[PDB]
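Asker: Provided herewith: model_7.cif, mmCIF, C-alpha atoms; chains and numbers go by the auth columns.
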data_work
loop_
_atom_site.group_PDB
_atom_site.id
_atom_site.type_symbol
_atom_site.label_atom_id
_atom_site.label_comp_id
_atom_site.label_asym_id
_atom_site.label_seq_id
_atom_site.Cartn_x
_atom_site.Cartn_y
_atom_site.Cartn_z
_atom_site.B_iso_or_equiv
_atom_site.auth_seq_id
_atom_site.auth_asym_id
ATOM 1 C CA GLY A 1 -9.710 -10.272 -24.554 0.00 1 A
ATOM 2 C CA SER A 2 -6.765 -8.096 -25.558 0.00 2 A
ATOM 3 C CA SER A 3 -5.734 -4.894 -23.780 0.00 3 A
ATOM 4 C CA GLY A 4 -3.658 -2.127 -25.332 0.00 4 A
ATOM 5 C CA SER A 5 -1.899 -0.136 -22.620 0.00 5 A
ATOM 6 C CA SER A 6 -1.065 -2.590 -19.835 0.00 6 A
ATOM 7 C CA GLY A 7 0.071 -0.329 -17.011 0.00 7 A
ATOM 8 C CA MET A 8 -1.718 1.979 -14.585 0.00 8 A
ATOM 9 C CA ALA A 9 1.255 3.394 -12.679 0.00 9 A
ATOM 10 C CA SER A 10 -1.089 5.318 -10.382 0.00 10 A
ATOM 11 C CA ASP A 11 -0.029 4.025 -6.965 0.00 11 A
ATOM 12 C CA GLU A 12 -0.934 6.234 -4.003 0.00 12 A
ATOM 13 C CA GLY A 13 0.497 4.141 -1.184 0.00 13 A
ATOM 14 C CA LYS A 14 -2.382 2.009 0.075 0.00 14 A
ATOM 15 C CA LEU A 15 -2.732 -1.549 -1.222 0.00 15 A
ATOM 16 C CA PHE A 16 -5.908 -3.553 -1.826 0.00 16 A
ATOM 17 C CA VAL A 17 -5.650 -7.072 -0.402 0.00 17 A
ATOM 18 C CA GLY A 18 -8.460 -9.615 -0.439 0.00 18 A
ATOM 19 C CA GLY A 19 -9.096 -13.176 0.672 0.00 19 A
ATOM 20 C CA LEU A 20 -7.169 -12.700 3.908 0.00 20 A
ATOM 21 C CA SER A 21 -7.348 -15.679 6.267 0.00 21 A
ATOM 22 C CA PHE A 22 -9.253 -15.082 9.504 0.00 22 A
ATOM 23 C CA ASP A 23 -5.960 -15.584 11.342 0.00 23 A
ATOM 24 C CA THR A 24 -4.474 -12.758 9.276 0.00 24 A
ATOM 25 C CA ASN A 25 -4.306 -9.851 11.724 0.00 25 A
ATOM 26 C CA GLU A 26 -2.853 -6.337 11.701 0.00 26 A
ATOM 27 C CA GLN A 27 0.336 -7.936 13.021 0.00 27 A
ATOM 28 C CA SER A 28 0.622 -10.968 10.742 0.00 28 A
ATOM 29 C CA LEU A 29 0.277 -8.818 7.623 0.00 29 A
ATOM 30 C CA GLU A 30 2.963 -6.400 8.811 0.00 30 A
ATOM 31 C CA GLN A 31 5.273 -9.277 9.732 0.00 31 A
ATOM 32 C CA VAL A 32 5.012 -10.269 6.069 0.00 32 A
ATOM 33 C CA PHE A 33 4.851 -6.954 4.212 0.00 33 A
ATOM 34 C CA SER A 34 7.775 -6.022 6.459 0.00 34 A
ATOM 35 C CA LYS A 35 10.049 -8.645 4.905 0.00 35 A
ATOM 36 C CA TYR A 36 9.337 -7.145 1.483 0.00 36 A
ATOM 37 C CA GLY A 37 9.746 -3.484 2.382 0.00 37 A
ATOM 38 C CA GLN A 38 8.984 -0.674 4.817 0.00 38 A
ATOM 39 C CA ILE A 39 5.500 -0.261 6.284 0.00 39 A
ATOM 40 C CA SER A 40 3.576 2.701 7.695 0.00 40 A
ATOM 41 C CA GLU A 41 0.445 1.095 9.138 0.00 41 A
ATOM 42 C CA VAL A 42 -2.123 -1.676 8.688 0.00 42 A
ATOM 43 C CA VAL A 43 -5.919 -1.624 8.469 0.00 43 A
ATOM 44 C CA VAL A 44 -8.110 -4.723 8.713 0.00 44 A
ATOM 45 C CA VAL A 45 -11.752 -4.028 7.868 0.00 45 A
ATOM 46 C CA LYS A 46 -14.260 -5.821 10.094 0.00 46 A
ATOM 47 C CA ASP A 47 -18.023 -6.165 10.529 0.00 47 A
ATOM 48 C CA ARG A 48 -20.179 -4.090 12.877 0.00 48 A
ATOM 49 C CA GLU A 49 -22.149 -6.988 14.356 0.00 49 A
ATOM 50 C CA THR A 50 -19.540 -9.691 14.952 0.00 50 A
ATOM 51 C CA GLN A 51 -16.630 -7.274 14.564 0.00 51 A
ATOM 52 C CA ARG A 52 -14.319 -10.112 13.530 0.00 52 A
ATOM 53 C CA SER A 53 -13.011 -9.597 9.995 0.00 53 A
ATOM 54 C CA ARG A 54 -14.555 -8.705 6.635 0.00 54 A
ATOM 55 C CA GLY A 55 -11.944 -10.630 4.672 0.00 55 A
ATOM 56 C CA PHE A 56 -9.682 -7.880 3.356 0.00 56 A
ATOM 57 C CA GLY A 57 -7.320 -5.172 4.565 0.00 57 A
ATOM 58 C CA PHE A 58 -4.818 -2.491 3.580 0.00 58 A
ATOM 59 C CA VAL A 59 -1.265 -1.602 4.612 0.00 59 A
ATOM 60 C CA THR A 60 -0.238 2.053 4.407 0.00 60 A
ATOM 61 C CA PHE A 61 3.349 2.634 3.282 0.00 61 A
ATOM 62 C CA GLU A 62 5.544 5.654 4.008 0.00 62 A
ATOM 63 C CA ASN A 63 5.880 6.663 0.355 0.00 63 A
ATOM 64 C CA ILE A 64 4.497 5.456 -2.976 0.00 64 A
ATOM 65 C CA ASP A 65 7.460 3.458 -4.275 0.00 65 A
ATOM 66 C CA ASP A 66 7.692 1.960 -0.787 0.00 66 A
ATOM 67 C CA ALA A 67 4.308 0.287 -1.253 0.00 67 A
ATOM 68 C CA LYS A 68 4.463 -0.523 -4.967 0.00 68 A
ATOM 69 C CA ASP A 69 7.826 -2.095 -4.137 0.00 69 A
ATOM 70 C CA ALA A 70 6.072 -4.699 -1.990 0.00 70 A
ATOM 71 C CA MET A 71 3.045 -4.967 -4.277 0.00 71 A
ATOM 72 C CA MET A 72 5.147 -6.458 -7.076 0.00 72 A
ATOM 73 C CA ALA A 73 6.012 -9.117 -4.497 0.00 73 A
ATOM 74 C CA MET A 74 2.713 -9.881 -2.763 0.00 74 A
ATOM 75 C CA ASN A 75 0.620 -9.359 -5.896 0.00 75 A
ATOM 76 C CA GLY A 76 -0.283 -13.007 -6.396 0.00 76 A
ATOM 77 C CA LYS A 77 1.465 -14.509 -3.379 0.00 77 A
ATOM 78 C CA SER A 78 0.543 -17.120 -0.772 0.00 78 A
ATOM 79 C CA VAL A 79 0.466 -15.908 2.833 0.00 79 A
ATOM 80 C CA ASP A 80 0.598 -19.038 4.990 0.00 80 A
ATOM 81 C CA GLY A 81 -0.607 -21.158 2.086 0.00 81 A
ATOM 82 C CA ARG A 82 -3.263 -18.766 0.806 0.00 82 A
ATOM 83 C CA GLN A 83 -4.171 -17.380 -2.619 0.00 83 A
ATOM 84 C CA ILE A 84 -4.752 -13.700 -1.863 0.00 84 A
ATOM 85 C CA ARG A 85 -3.898 -10.920 -4.313 0.00 85 A
ATOM 86 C CA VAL A 86 -2.378 -7.448 -3.974 0.00 86 A
ATOM 87 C CA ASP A 87 -2.725 -4.364 -6.171 0.00 87 A
ATOM 88 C CA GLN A 88 -3.002 -0.570 -6.144 0.00 88 A
ATOM 89 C CA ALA A 89 -5.818 0.233 -3.717 0.00 89 A
ATOM 90 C CA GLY A 90 -6.091 3.993 -4.120 0.00 90 A
ATOM 91 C CA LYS A 91 -6.689 6.952 -1.817 0.00 91 A
ATOM 92 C CA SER A 92 -9.242 6.853 1.002 0.00 92 A
ATOM 93 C CA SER A 93 -9.047 8.956 4.165 0.00 93 A
ATOM 94 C CA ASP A 94 -11.081 11.366 6.291 0.00 94 A
ATOM 95 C CA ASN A 95 -10.055 14.914 7.202 0.00 95 A
ATOM 96 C CA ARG A 96 -8.956 15.604 10.777 0.00 96 A
ATOM 97 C CA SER A 97 -7.449 18.426 12.838 0.00 97 A
ATOM 98 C CA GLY A 98 -5.985 18.817 16.313 0.00 98 A
ATOM 99 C CA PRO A 99 -4.994 21.519 18.826 0.00 99 A
ATOM 100 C CA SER A 100 -1.494 23.005 18.909 0.00 100 A
ATOM 101 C CA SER A 101 -1.162 25.448 21.804 0.00 101 A
ATOM 102 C CA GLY A 102 -2.505 24.584 25.243 0.00 102 A
#
As structure tokens, what does this structure read like?

Answerer:
Amino acid sequence: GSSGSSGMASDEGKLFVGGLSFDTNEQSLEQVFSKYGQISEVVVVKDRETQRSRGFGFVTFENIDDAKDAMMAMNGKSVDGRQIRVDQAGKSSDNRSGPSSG
């Protein structure tokens, strides 16, 4: 097929990584994404029964450019001899509030 406008440019900060090796943990990822740029936090989705690892995760970056900066690097990279991919994940979070005065 042939696409016209090749460019989303709608990064929010979170990245969508898939095909992560079981070994790949919240730390490993960071250790890598850290060499590319700054990181805010990591999130490795897991099952509810075995609670091991679904097979994908997401690393939150301070700002937008911060993430996209690393995406252009990981996007189609090999972490420890793998073939995972990286691209704009999107925006997914739940509201939350906390006390101030006590």

Asker: Please expand the PyMOL selection byres ((chain A and resi 17) around 8) into the concrete residues it hits in this file, giving the result as a short mmCIF file (atom, residue, chain, number, x, y, z; two decimals) with C-alpha atoms, in the frame of the given file.

Answerer:
data_model
loop_
_atom_site.label_atom_id
_atom_site.label_comp_id
_atom_site.auth_asym_id
_atom_site.auth_seq_id
_atom_site.Cartn_x
_atom_site.Cartn_y
_atom_site.Cartn_z
CA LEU A 15 -2.73 -1.55 -1.22
CA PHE A 16 -5.91 -3.55 -1.83
CA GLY A 18 -8.46 -9.62 -0.44
CA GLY A 19 -9.10 -13.18 0.67
CA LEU A 20 -7.17 -12.70 3.91
CA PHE A 56 -9.68 -7.88 3.36
CA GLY A 57 -7.32 -5.17 4.57
CA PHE A 58 -4.82 -2.49 3.58
CA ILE A 84 -4.75 -13.70 -1.86
CA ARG A 85 -3.90 -10.92 -4.31
CA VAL A 86 -2.38 -7.45 -3.97
CA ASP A 87 -2.72 -4.36 -6.17
#

Asker: When you draw a straight line from atom CA of residue 50 of chain A to atom CA of residue 90 of chain A, how long is it in Å?

Answerer: 27.1 Å

Asker: Which residues are near residue 27 of chain A? Cut-off 12 Å, only C-alpha atoms, ignore same chain within fewer than 4 positions. Put them as an MDAnalysis selection string.

Answerer: chainID A and resid 23 31:34 39 41:44 57 59

Asker: Counting all atoms listed in the file, which residue out of A:92, A:38, A:78, A:5 sits closest to residue 62 of chain A?

Answerer: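 Smallest distance to residue 62 of chain A is found for A:38.
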
Asker: Hey, can you check how far atom CA of residue 8 of chain A sits from atom CA of residue 68 of chain A?

Answerer: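 Atom CA of residue 8 of chain A sits 11.7 Å away from atom CA of residue 68 of chain A.
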
Asker: What's the separation between atom CA of residue 83 of chain A and atom CA of residue 37 of chain A, in Å to one decimal place?

Answerer: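 Going from atom CA of residue 83 of chain A over to atom CA of residue 37 of chain A covers 20.3 Å.
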
Asker: Using the chain letters and numbers from this file, what does the PyMOL selection byres ((chain A and resi 22) around 9) select? Give the answer as an NGL selection string.

Answerer: :A and (20-21 or 23-25 or 52-55)

Asker: Which is closest to residue 40 of chain A among A:79, A:89, A:67, A:9, if we use all atoms listed in the file?

Answerer: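 Residue with the minimum atom-to-atom distance to residue 40 of chain A: A:67.
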
Asker: I'd like the contact shell of residue 36 of chain A - 10 Å cut-off, only C-alpha atoms, skipping same-chain residues fewer than 5 positions apart - returned as a PyMOL selection string.

Answerer: chain A and resi 30-31+66-67+69-74

Asker: Counting all atoms listed in the file, write as a list in words all protein and nucleic acid residues lying at most 6 Å from (-1.2, 4.6, 0.8) in the file's frame.

Answerer: residues 12, 13, 14, 60 and 61 of chain A

Asker: Using all atoms listed in the file, which of the listed residues (A:46, A:1, A:80, A:7) sits closest to residue 28 of chain A?

Answerer: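 Looking only at the distances to residue 28 of chain A, the closest residue turns out to be A:80.
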